[PDB]
Amino acid sequence: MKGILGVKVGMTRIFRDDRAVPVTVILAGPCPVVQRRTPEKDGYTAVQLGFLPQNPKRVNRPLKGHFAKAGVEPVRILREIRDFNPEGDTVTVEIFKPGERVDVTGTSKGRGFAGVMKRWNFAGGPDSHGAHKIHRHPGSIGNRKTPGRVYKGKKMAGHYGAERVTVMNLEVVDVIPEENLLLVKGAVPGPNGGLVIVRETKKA
Amino acid sequence: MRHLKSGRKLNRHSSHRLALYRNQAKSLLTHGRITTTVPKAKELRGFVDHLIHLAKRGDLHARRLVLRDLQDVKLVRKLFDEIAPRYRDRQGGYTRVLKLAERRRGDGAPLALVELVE
Amino acid sequence: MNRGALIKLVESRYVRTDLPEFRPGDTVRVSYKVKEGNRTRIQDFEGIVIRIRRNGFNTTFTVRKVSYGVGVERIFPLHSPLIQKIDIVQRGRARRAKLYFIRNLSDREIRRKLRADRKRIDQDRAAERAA
Amino acid sequence: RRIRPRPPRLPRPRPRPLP
Amino acid sequence: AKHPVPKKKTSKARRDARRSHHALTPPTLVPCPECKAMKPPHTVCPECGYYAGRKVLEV
Amino acid sequence: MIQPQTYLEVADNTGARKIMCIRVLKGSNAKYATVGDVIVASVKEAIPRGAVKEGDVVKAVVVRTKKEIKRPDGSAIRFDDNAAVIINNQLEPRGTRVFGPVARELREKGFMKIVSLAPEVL
RNA sequence: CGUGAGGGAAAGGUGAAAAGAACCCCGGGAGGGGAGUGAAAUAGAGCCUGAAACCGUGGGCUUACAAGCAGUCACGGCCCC
RNA sequence: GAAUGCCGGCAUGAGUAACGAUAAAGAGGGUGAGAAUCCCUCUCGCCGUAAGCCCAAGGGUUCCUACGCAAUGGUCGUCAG
RNA sequence: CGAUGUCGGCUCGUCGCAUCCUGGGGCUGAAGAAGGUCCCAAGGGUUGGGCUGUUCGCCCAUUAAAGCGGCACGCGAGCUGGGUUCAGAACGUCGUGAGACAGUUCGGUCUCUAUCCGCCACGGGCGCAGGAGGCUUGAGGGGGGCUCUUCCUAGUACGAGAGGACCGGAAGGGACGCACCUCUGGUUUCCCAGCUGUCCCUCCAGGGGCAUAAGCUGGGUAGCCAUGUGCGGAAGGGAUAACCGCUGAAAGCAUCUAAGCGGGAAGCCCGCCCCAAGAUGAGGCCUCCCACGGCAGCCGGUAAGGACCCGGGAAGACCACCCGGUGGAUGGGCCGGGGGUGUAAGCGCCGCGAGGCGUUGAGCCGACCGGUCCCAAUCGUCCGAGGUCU
Ligand SMILES: [Mg+2]
Ligand SMILES: [Mg+2]
Ligand SMILES: [Mg+2]
Ligand SMILES: [Mg+2]
Ligand SMILES: [Mg+2]
Ligand SMILES: [Mg+2]
Ligand SMILES: [Mg+2]
Ligand SMILES: [Mg+2]
Ligand SMILES: [Mg+2]
Ligand SMILES: [Mg+2]
Ligand SMILES: [Mg+2]
Ligand SMILES: [Mg+2]
Ligand SMILES: [Mg+2]
Ligand SMILES: [Mg+2]
Ligand SMILES: [Mg+2]
Ligand SMILES: [Mg+2]
Ligand SMILES: [Mg+2]
Ligand SMILES: [Mg+2]
Ligand SMILES: [Mg+2]
Ligand SMILES: [Mg+2]
Ligand SMILES: [Mg+2]
Ligand SMILES: [Mg+2]
Ligand SMILES: [Mg+2]
Ligand SMILES: [Mg+2]
Ligand SMILES: [Mg+2]
Ligand SMILES: [Mg+2]
Ligand SMILES: [Mg+2]
Ligand SMILES: [Mg+2]
Ligand SMILES: [Mg+2]
Ligand SMILES: [Mg+2]
Ligand SMILES: [Mg+2]
Ligand SMILES: [Mg+2]
Ligand SMILES: [Mg+2]
Ligand SMILES: [Mg+2]
Ligand SMILES: [Mg+2]
Ligand SMILES: [Mg+2]
Ligand SMILES: [Mg+2]
Ligand SMILES: [Mg+2]
Ligand SMILES: [Mg+2]
Ligand SMILES: [Mg+2]
Ligand SMILES: [Mg+2]
Ligand SMILES: [Mg+2]
Ligand SMILES: [Mg+2]
Ligand SMILES: [Mg+2]
Ligand SMILES: [Mg+2]
Ligand SMILES: [Mg+2]
Ligand SMILES: [Mg+2]
Ligand SMILES: [Mg+2]
Ligand SMILES: [Mg+2]
Ligand SMILES: [Mg+2]
Ligand SMILES: [Mg+2]
Ligand SMILES: [Mg+2]
Ligand SMILES: [Mg+2]
Ligand SMILES: [Mg+2]
Ligand SMILES: [Mg+2]
Ligand SMILES: [Mg+2]
Ligand SMILES: [Mg+2]
Ligand SMILES: [Mg+2]
Ligand SMILES: [Mg+2]
Ligand SMILES: [Mg+2]
Ligand SMILES: [Mg+2]
Ligand SMILES: [Mg+2]
Ligand SMILES: [Mg+2]
Ligand SMILES: [Mg+2]
Ligand SMILES: [Mg+2]
Ligand SMILES: [Mg+2]
Ligand SMILES: [Mg+2]
Ligand SMILES: [Mg+2]
Ligand SMILES: [Mg+2]
Ligand SMILES: [Mg+2]
Ligand SMILES: [Mg+2]
Ligand SMILES: [Mg+2]
Ligand SMILES: [Mg+2]
Ligand SMILES: [Mg+2]
Ligand SMILES: [Mg+2]
Ligand SMILES: [Mg+2]
Ligand SMILES: [Mg+2]
Ligand SMILES: [Mg+2]
Ligand SMILES: [Mg+2]
Ligand SMILES: [Mg+2]
Ligand SMILES: [Mg+2]
Ligand SMILES: [Mg+2]
Ligand SMILES: [Mg+2]
Ligand SMILES: [Mg+2]
Ligand SMILES: [Mg+2]
Ligand SMILES: [Mg+2]
Ligand SMILES: [Mg+2]
Ligand SMILES: [Mg+2]
Ligand SMILES: [Mg+2]
Ligand SMILES: [Mg+2]
Ligand SMILES: [Mg+2]
Ligand SMILES: [Mg+2]
Ligand SMILES: [Mg+2]
Ligand SMILES: [Mg+2]
Ligand SMILES: [Mg+2]
Ligand SMILES: [Mg+2]
Ligand SMILES: [Mg+2]
Ligand SMILES: [Mg+2]
Ligand SMILES: [Mg+2]
Ligand SMILES: [Mg+2]
Ligand SMILES: [Mg+2]
Ligand SMILES: [Mg+2]
Ligand SMILES: [Mg+2]
Ligand SMILES: [Mg+2]
Ligand SMILES: [Mg+2]
Ligand SMILES: [Mg+2]
Ligand SMILES: [Mg+2]
Ligand SMILES: [Mg+2]
Ligand SMILES: [Mg+2]
Ligand SMILES: [Mg+2]
Ligand SMILES: [Mg+2]
Ligand SMILES: [Mg+2]
Ligand SMILES: [Mg+2]
Ligand SMILES: [Mg+2]
Ligand SMILES: [Mg+2]
Ligand SMILES: [Mg+2]
Ligand SMILES: [Mg+2]
Ligand SMILES: [Mg+2]
Ligand SMILES: [Mg+2]
Ligand SMILES: [Mg+2]
Ligand SMILES: [Mg+2]
Ligand SMILES: [Mg+2]
Ligand SMILES: [Mg+2]
Ligand SMILES: [Mg+2]
Ligand SMILES: [Mg+2]
Ligand SMILES: [Mg+2]
Ligand SMILES: [Mg+2]
Ligand SMILES: [Mg+2]
Ligand SMILES: [Mg+2]
Ligand SMILES: [Mg+2]
Ligand SMILES: [Mg+2]
Ligand SMILES: [Mg+2]
Ligand SMILES: [Mg+2]
Ligand SMILES: [Mg+2]
Ligand SMILES: [Mg+2]
Ligand SMILES: [Mg+2]
Ligand SMILES: [Mg+2]
Ligand SMILES: [Mg+2]
Ligand SMILES: [Mg+2]
Ligand SMILES: [Mg+2]
Ligand SMILES: [Mg+2]
Ligand SMILES: [Mg+2]
Ligand SMILES: [Mg+2]
Ligand SMILES: [Mg+2]
Ligand SMILES: [Mg+2]
Ligand SMILES: [Mg+2]
Ligand SMILES: [Mg+2]
Ligand SMILES: [Mg+2]
Ligand SMILES: [Mg+2]
Ligand SMILES: [Mg+2]
Ligand SMILES: [Mg+2]
Ligand SMILES: [Mg+2]
Ligand SMILES: [Mg+2]
Ligand SMILES: [Mg+2]
Ligand SMILES: [Mg+2]
Ligand SMILES: [Mg+2]
Ligand SMILES: [Mg+2]
Ligand SMILES: [Mg+2]
Ligand SMILES: [Mg+2]
Ligand SMILES: [Mg+2]
Ligand SMILES: [Mg+2]
Ligand SMILES: [Mg+2]
Ligand SMILES: [Mg+2]
Ligand SMILES: [Mg+2]
Ligand SMILES: [Mg+2]
Ligand SMILES: [Zn+2]
């Protein structure tokens, strides 16, 4: 199980064998291992990875000390990859070849307080034919005296987005080791400049 | 939402908000320093800086441009003759906002000052 | 980090240069690589370009034509590998960027509206005169 | 599903003159 | 709509419990480097008229 | 994008001039038909003594749509009308000609007789 | 209040005596604190007595893993006499 | 101790709804214990078969000026019917 | 009966299984294909139309199927008001009449503010025996769960023929769901342009207001979007249902069972995605500070840290979260690029003139990719450990 931290930079399409293929460009590495989670010590198997150089004037002493035990330059983002033990002390885009498929995790764009039509694709009300002040309302939310309450998990309006989202089985289109670029076919959660995690796919 | 939207609404419709910036600009250029609520102040920075930069061009075009917002021919003269020269060697940032330490009694609004920079 | 540049970098290998400049109102002929069965070939779309939307590598243009009584419109990526060549068959002088309005005009009307761009036509003939 | 159509028990509420 | 109404008087306890968040927060104040008066940070001192070292306004 | 209640110009010499879609034959509940899709349609306008007549419920294949249709090369193509060719249950056109251009997509969808009979295939 | 006929309220008490608080202090005033009067000023005029609902300040005991007509019986802890 | 009792007082809902046409505001200068709200100036906006002007009903000092800001004014107030 | 609002529709569902489909079976008057019948199975799915207020039903076109029921004949402090309980009016019929009729007909006031429970979201407080910054384990919970057509096998097996497979393999779909904005296509309240009437600046020219809360019209970046794009349903492992067996007695035979074992469902467990240590059973790892002064308590200054305040943010109702705060590129300006609009003003020339041409892809120019300390994040303040007992 391999993986790398990265930032979503933007979208384009490229051409491949006379086909347009939309891609999301991801600036992937390079990620240094800063901690290795071992069974005997930690209970499981993973690698704490760093990403993006940080101004040491912003990094406190407990964090500074952590970085030092790995002999690693202060990084902005500290993140783990499960069941991953690369041989290097540094992880680069080269852990992926084109053609391979990957799962990508990001933080979805935040709709803030979303109504029930936008959140759960509800239908809302008529916009005429008598409809009274309920054009975007959720309608009924229950039965009557039996059960006399509202289900846990009832789809209602409220905050939506800004959450962890993992689109799955995305094709690696190309990789550019010289610039740490990853080209993934299709969409990737979250905004440009947003942090993302790219892992070996779990789909066969 | 509001994702990457730029520019306030200031609870005015389009033509009112436009009139607002103009009447604020005219005052700033008139007295060199005015006091307003902090948000209007921050929004005035850019509106006027453009007009000042245009007086720094001096060309008839720019004059007729600035005239659209400022409307007063004598004020535009002062802009071109007395004001714009001061900033010949300054690249943007002709205005500053400093926040006052007290609030309006009648509605507790935080105030700031907007002045033409030296 | 410069995300814009990073994009342009990815795009660079696919950017094309051999295509001629043109404007909406110009009558142009796109020579296009087309597959059918199972060989490929060239098919030419000759019509008036009524839109050019710009997004760097991602700009696309729209070419309009009537064929056998039915109007047809085609959209091409300005850097589509499938374009062999683009030939300027005529320069037209429009007064706006998008000419959707010619969709509702007779042949007479399109002509009086899109008079020949005598200026840019001269530039064309003044070019080609090459050493 | 009930077949014998069942009649209204209450009238449609109507307003009163308010004292 | 059918005119919702409270079903029971809120107890002395329950309303005061509502108001466990109503405490004001004291104005955040710093001393003015020039005249040593207390004033809110990032404002121009309304006691001496100084900010960022220079005199800015008539007090 | 065709749907029930849509009118279609019929681009052949079956005698039909207008047909109205009453169902799209693409699975159990397709909301729209595009080029190459087969629909069922009532004949709403037809000329005297045709092969088909006003009222006839027929099957036809969409050959031209006003909603531009996207191709894998990143190009698109759009038509000035929605048009169909009336066919029999074996995909074969009932007419003997087709008028005006047709979408190339018909070929990849096995409608070679129509593509052949078409003046142009854009 | 009602066009009108007509309907139709609420509202008493400083002290024996105004001796009804000069003057000073904060305040724009209201209000207060000193001074002064008085047997008494939480009798100060928003004045006899001044209950209760209701609101608040201080203090003792108590409470953020707990199930309720709020009590009652037992025991323990802490505080007070 | 109960009569959807009578009179009064005081709570709850609650710092909640709301503050009465979406014609619209900004700054400068005064006054003042206090100013988004009062006076002046400049900019802007609205009415203009009125949202201007005259008359009749009705209202009955509301008119003018000086002095005031406890209440009235849906906020404020130095302003005011 | 000091009121439990009543048909149908809409919205939003959830549940049952006497199962409509899809999955698994036995029997068949099962050749195959297609059916019939019963068993198991409630995971998901169960279309759009015409008529009628209709539920129901008939009908059209499809479909894998167009399941049946419960939830106050689910759901009017969610909506509707066509049905039906008011007052108006008329027809048939009944009554001498006033009027009346599970007979019909046209019309006919559906109430801004949610206290408590519950539900969706988000915080504040304390706790998890020192005080702190990170990174995690996953008890437990949620999400998802659909299906068709064609092709190959193969016109093979089967069949007199017509017709026509199992198993195995490949491609392409419909509806749905999550995310996304490169493309297609929207919006894009002042980004550009053209236009009318009027009034104004300053007479011409050039402009400004108003005609909407954009006067109107043609376009339109970022963003937010679907009609657009990517991706999901699985795979796989385990245990089972109906069912099918292996070995096998009681019962010298027989028996899937009494000992034992195997096979076997879209279902169950796990796997996938998301939440999650208030999981008070309060978990784990890496790193930081440290033996303070004074009288398991209190008081005071601090350490590491944090909060305040400030500039901001595809984060956001407030709060929260996140980034930045002069040893700085956080916003504002300014500069370059992008992008939009589509050749500004002025001048010169041609024309009686409306105009046209040139300078000119000019001028204007939100948000996008960046650069640059010109303007502003000045200066600071308060919190914050001494580590309970076996
Ligand atoms: Mg992440
Ligand atoms: Mg939605
Ligand atoms: Mg959604
Ligand atoms: Mg709708
Ligand atoms: Mg609907
Ligand atoms: Mg209504
Ligand atoms: Mg409503
Ligand atoms: Mg409405
Ligand atoms: Mg219950
Ligand atoms: Mg959220
Ligand atoms: Mg909005
Ligand atoms: Mg911004
Ligand atoms: Mg603006
Ligand atoms: Mg904004
Ligand atoms: Mg306003
Ligand atoms: Mg407001
Ligand atoms: Mg306007
Ligand atoms: Mg206006
Ligand atoms: Mg302040
Ligand atoms: Mg006020
Ligand atoms: Mg209502
Ligand atoms: Mg109490
Ligand atoms: Mg209390
Ligand atoms: Mg409460
Ligand atoms: Mg035709
Ligand atoms: Mg007929
Ligand atoms: Mg009277
Ligand atoms: Mg007395
Ligand atoms: Mg007396
Ligand atoms: Mg006194
Ligand atoms: Mg006094
Ligand atoms: Mg005495
Ligand atoms: Mg005495
Ligand atoms: Mg005595
Ligand atoms: Mg006293
Ligand atoms: Mg007493
Ligand atoms: Mg007494
Ligand atoms: Mg009293
Ligand atoms: Mg007495
Ligand atoms: Mg008393
Ligand atoms: Mg008293
Ligand atoms: Mg107390
Ligand atoms: Mg417990
Ligand atoms: Mg406890
Ligand atoms: Mg308890
Ligand atoms: Mg009890
Ligand atoms: Mg006991
Ligand atoms: Mg006791
Ligand atoms: Mg009694
Ligand atoms: Mg009583
Ligand atoms: Mg009562
Ligand atoms: Mg009552
Ligand atoms: Mg009472
Ligand atoms: Mg509040
Ligand atoms: Mg409330
Ligand atoms: Mg509220
Ligand atoms: Mg109210
Ligand atoms: Mg309010
Ligand atoms: Mg008002
Ligand atoms: Mg109102
Ligand atoms: Mg108002
Ligand atoms: Mg003023
Ligand atoms: Mg002033
Ligand atoms: Mg003043
Ligand atoms: Mg005064
Ligand atoms: Mg006002
Ligand atoms: Mg007039
Ligand atoms: Mg008029
Ligand atoms: Mg009167
Ligand atoms: Mg006066
Ligand atoms: Mg007053
Ligand atoms: Mg007062
Ligand atoms: Mg007075
Ligand atoms: Mg008042
Ligand atoms: Mg009032
Ligand atoms: Mg007067
Ligand atoms: Mg009853
Ligand atoms: Mg009751
Ligand atoms: Mg009632
Ligand atoms: Mg009731
Ligand atoms: Mg049965
Ligand atoms: Mg079945
Ligand atoms: Mg079956
Ligand atoms: Mg069977
Ligand atoms: Mg069979
Ligand atoms: Mg048979
Ligand atoms: Mg069963
Ligand atoms: Mg099921
Ligand atoms: Mg069901
Ligand atoms: Mg149906
Ligand atoms: Mg009809
Ligand atoms: Mg209909
Ligand atoms: Mg029906
Ligand atoms: Mg019926
Ligand atoms: Mg079928
Ligand atoms: Mg079937
Ligand atoms: Mg079938
Ligand atoms: Mg149901
Ligand atoms: Mg019901
Ligand atoms: Mg109901
Ligand atoms: Mg109802
Ligand atoms: Mg209800
Ligand atoms: Mg009705
Ligand atoms: Mg009605
Ligand atoms: Mg009725
Ligand atoms: Mg009736
Ligand atoms: Mg009779
Ligand atoms: Mg009836
Ligand atoms: Mg009846
Ligand atoms: Mg009747
Ligand atoms: Mg009517
Ligand atoms: Mg009726
Ligand atoms: Mg209702
Ligand atoms: Mg309302
Ligand atoms: Mg509440
Ligand atoms: Mg309750
Ligand atoms: Mg919390
Ligand atoms: Mg955790
Ligand atoms: Mg679990
Ligand atoms: Mg639990
Ligand atoms: Mg699960
Ligand atoms: Mg075959
Ligand atoms: Mg054969
Ligand atoms: Mg098979
Ligand atoms: Mg874009
Ligand atoms: Mg777009
Ligand atoms: Mg577009
Ligand atoms: Mg503008
Ligand atoms: Mg004009
Ligand atoms: Mg003129
Ligand atoms: Mg005007
Ligand atoms: Mg006007
Ligand atoms: Mg007007
Ligand atoms: Mg207006
Ligand atoms: Mg305009
Ligand atoms: Mg458009
Ligand atoms: Mg846009
Ligand atoms: Mg045996
Ligand atoms: Mg056994
Ligand atoms: Mg077994
Ligand atoms: Mg077996
Ligand atoms: Mg078994
Ligand atoms: Mg098994
Ligand atoms: Mg499946
Ligand atoms: Mg997590
Ligand atoms: Mg914990
Ligand atoms: Mg437990
Ligand atoms: Mg912990
Ligand atoms: Mg552990
Ligand atoms: Mg120690
Ligand atoms: Mg946001
Ligand atoms: Mg903010
Ligand atoms: Mg910070
Ligand atoms: Mg600082
Ligand atoms: Mg910056
Ligand atoms: Mg900048
Ligand atoms: Mg450009
Ligand atoms: Mg020109
Ligand atoms: Mg020019
Ligand atoms: Mg000119
Ligand atoms: Mg001349
Ligand atoms: Mg340009
Ligand atoms: Mg530019
Ligand atoms: Mg620098
Ligand atoms: Mg401290
Ligand atoms: Zn000072």
# chains A, B, ... in the order shown; residues from 1 in each chain; ligands from 1

$ residues_near_ligand --ligand "ligand 136" --cutoff "12 Å" --atoms "only C-alpha atoms (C1' of nucleotides) and all ligand atoms" --output "PyMOL selection string"
(chain C and resi 51+53+97-101) or (chain I and resi 185-188+218-220)

$ select_by_dssp --residues "segment 38-155 of chain A" --states "strand (DSSP E or B)" --output "ChimeraX atom specification"
/A:46-53,75-82,90-91,101-107,113-114,144,147

$ residues_near_ligand --ligand "ligand 150" --cutoff "7 Å" --atoms "only C-alpha atoms (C1' of nucleotides) and all ligand atoms" --output "PyMOL selection string"
chain I and resi 290-291+386-387

$ closest_residue --among "B:84, B:34, B:48, B:79" --to "chain E" --atoms "only C-alpha atoms"
B:34

$ residues_near_ligand --ligand "ligand 114" --cutoff "10 Å" --atoms "only C-alpha atoms (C1' of nucleotides) and all ligand atoms" --output "PyMOL selection string"
(chain A and resi 133) or (chain I and resi 112-113)

$ write_last_selection --atoms "N, CA and C atoms (P, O5', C5', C4', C3', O3' and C1' of nucleotides)" --output "PDB file, in the first residue's frame"
ATOM      1  N   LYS A 133     -45.160  29.434  -0.034  1.00  0.00           N
ATOM      2  CA  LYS A 133     -43.975  29.668   0.795  1.00  0.00           C
ATOM      3  C   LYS A 133     -43.242  28.384   1.145  1.00  0.00           C
TER       4      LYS A 133
ATOM      5  P     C I 112     -49.928  32.107   8.538  1.00  0.00           P
ATOM      6  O5'   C I 112     -49.329  32.334  10.000  1.00  0.00           O
ATOM      7  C5'   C I 112     -48.789  33.594  10.405  1.00  0.00           C
ATOM      8  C4'   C I 112     -47.352  33.798   9.964  1.00  0.00           C
ATOM      9  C3'   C I 112     -46.252  33.519  10.984  1.00  0.00           C
ATOM     10  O3'   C I 112     -45.883  32.151  11.058  1.00  0.00           O
ATOM     11  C1'   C I 112     -45.852  35.600   9.929  1.00  0.00           C
ATOM     12  P     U I 113     -45.485  31.491  12.467  1.00  0.00           P
ATOM     13  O5'   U I 113     -44.476  32.519  13.123  1.00  0.00           O
ATOM     14  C5'   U I 113     -43.110  32.556  12.733  1.00  0.00           C
ATOM     15  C4'   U I 113     -42.218  32.926  13.889  1.00  0.00           C
ATOM     16  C3'   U I 113     -42.452  32.119  15.161  1.00  0.00           C
ATOM     17  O3'   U I 113     -41.222  32.040  15.863  1.00  0.00           O
ATOM     18  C1'   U I 113     -42.757  34.382  15.631  1.00  0.00           C
TER      19        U I 113
END

$ interface_residues --of "chain A" --to "chain I" --cutoff "6 Å" --atoms "only C-alpha atoms (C1' of nucleotides)" --output "ChimeraX atom specification"
/A:11-13,22,42,61-62,65-66,139-141,143,149-150,156,158-159,168,186-187,189,191

$ write_last_selection --atoms "C-alpha atoms" --output "compact mmCIF listing (two decimals), in the first residue's frame"
# COMPACT_ATOMS: atom_id res chain seq x y z
CA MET A 11 -7.50 21.02 -14.28
CA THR A 12 -6.93 20.67 -18.00
CA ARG A 13 -7.40 18.17 -20.72
CA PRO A 22 -9.66 15.74 -18.72
CA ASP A 42 2.74 1.67 17.93
CA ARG A 61 9.68 23.70 20.11
CA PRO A 62 7.66 20.47 20.48
CA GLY A 65 12.03 18.64 18.35
CA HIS A 66 9.93 16.05 16.56
CA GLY A 139 -42.10 18.71 3.26
CA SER A 140 -43.11 16.16 5.86
CA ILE A 141 -40.53 14.86 8.31
CA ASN A 143 -45.60 10.11 10.60
CA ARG A 149 -40.72 11.25 16.62
CA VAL A 150 -38.15 11.87 13.86
CA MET A 156 -32.45 17.75 6.70
CA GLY A 158 -27.52 21.96 7.54
CA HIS A 159 -23.81 22.19 6.82
CA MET A 168 -11.82 6.10 -6.12
CA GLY A 186 -11.12 13.05 -13.94
CA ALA A 187 -12.14 14.96 -10.84
CA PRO A 189 -12.27 16.69 -4.31
CA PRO A 191 -10.28 23.50 -4.35

$ atom_distance --atom1 "atom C1' of residue 368 of chain I" --atom2 "atom 1 (Mg, counted along the ligand's line) of ligand 12"
10.8 Å

$ residues_near_ligand --ligand "ligand 83" --cutoff "10 Å" --atoms "only C-alpha atoms (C1' of nucleotides) and all ligand atoms" --output "list in words"
residues 22, 23, 24 and 25 of chain I

$ write_last_selection --atoms "N, CA, C and O atoms (P, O5', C5', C4', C3', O3' and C1' of nucleotides)" --output "PDB file, in the first residue's frame"
ATOM      1  P     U I  22     -36.692 -11.725 -12.869  1.00  0.00           P
ATOM      2  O5'   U I  22     -35.287 -11.368 -12.222  1.00  0.00           O
ATOM      3  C5'   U I  22     -34.405 -10.476 -12.869  1.00  0.00           C
ATOM      4  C4'   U I  22     -33.356  -9.969 -11.923  1.00  0.00           C
ATOM      5  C3'   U I  22     -32.613 -11.024 -11.129  1.00  0.00           C
ATOM      6  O3'   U I  22     -31.606 -11.660 -11.887  1.00  0.00           O
ATOM      7  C1'   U I  22     -33.225  -9.236  -9.705  1.00  0.00           C
ATOM      8  P     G I  23     -31.424 -13.248 -11.796  1.00  0.00           P
ATOM      9  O5'   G I  23     -30.866 -13.472 -10.327  1.00  0.00           O
ATOM     10  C5'   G I  23     -29.553 -13.072  -9.984  1.00  0.00           C
ATOM     11  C4'   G I  23     -29.175 -13.565  -8.611  1.00  0.00           C
ATOM     12  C3'   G I  23     -29.409 -15.037  -8.340  1.00  0.00           C
ATOM     13  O3'   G I  23     -28.430 -15.888  -8.908  1.00  0.00           O
ATOM     14  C1'   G I  23     -30.241 -13.796  -6.535  1.00  0.00           C
ATOM     15  P     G I  24     -28.856 -17.338  -9.466  1.00  0.00           P
ATOM     16  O5'   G I  24     -29.195 -18.168  -8.151  1.00  0.00           O
ATOM     17  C5'   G I  24     -28.272 -18.247  -7.080  1.00  0.00           C
ATOM     18  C4'   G I  24     -28.823 -19.028  -5.915  1.00  0.00           C
ATOM     19  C3'   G I  24     -29.481 -20.351  -6.241  1.00  0.00           C
ATOM     20  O3'   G I  24     -28.562 -21.374  -6.564  1.00  0.00           O
ATOM     21  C1'   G I  24     -30.808 -19.205  -4.688  1.00  0.00           C
ATOM     22  P     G I  25     -28.916 -22.421  -7.730  1.00  0.00           P
ATOM     23  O5'   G I  25     -29.698 -23.570  -6.959  1.00  0.00           O
ATOM     24  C5'   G I  25     -31.064 -23.829  -7.225  1.00  0.00           C
ATOM     25  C4'   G I  25     -31.762 -24.381  -6.011  1.00  0.00           C
ATOM     26  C3'   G I  25     -32.815 -25.446  -6.296  1.00  0.00           C
ATOM     27  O3'   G I  25     -32.269 -26.749  -6.334  1.00  0.00           O
ATOM     28  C1'   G I  25     -33.784 -23.735  -5.027  1.00  0.00           C
TER      29        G I  25
END

$ residues_around --residues "residue 37 of chain G" --least-positions-apart "4" --cutoff "12 Å" --atoms "only C-alpha atoms (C1' of nucleotides)" --output "PyMOL selection string"
chain G and resi 15+17-22+41+44

$ select_by_dssp --residues "chain E" --states "alpha helix (DSSP H)" --output "number ranges by chain"
E: 12-18

$ residues_around --residues "residue 32 of chain E" --least-positions-apart "5" --cutoff "8 Å" --atoms "only C-alpha atoms (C1' of nucleotides)" --output "ChimeraX atom specification"
/E:37-39,45 /I:379

$ write_last_selection --atoms "C-alpha atoms (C1' of nucleotides)" --output "PDB file, in the first residue's frame"
ATOM      1  CA  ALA E  37      -2.891  55.143  28.607  1.00  0.00           C
ATOM      2  CA  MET E  38      -5.026  52.040  28.167  1.00  0.00           C
ATOM      3  CA  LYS E  39      -6.627  51.686  24.748  1.00  0.00           C
ATOM      4  CA  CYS E  45      -4.746  56.422  20.871  1.00  0.00           C
TER       5      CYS E  45
ATOM      6  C1'   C I 379       2.670  48.710  19.926  1.00  0.00           C
TER       7        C I 379
END

$ residues_near_ligand --ligand "ligand 7" --cutoff "12 Å" --atoms "only C-alpha atoms (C1' of nucleotides) and all ligand atoms" --output "ChimeraX atom specification"
/A:125,130-139 /E:1-3 /I:76-80,110-112

$ residues_near_ligand --ligand "ligand 67" --cutoff "10 Å" --atoms "only C-alpha atoms (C1' of nucleotides) and all ligand atoms" --output "MDAnalysis selection string"
chainID H and resid 48:50
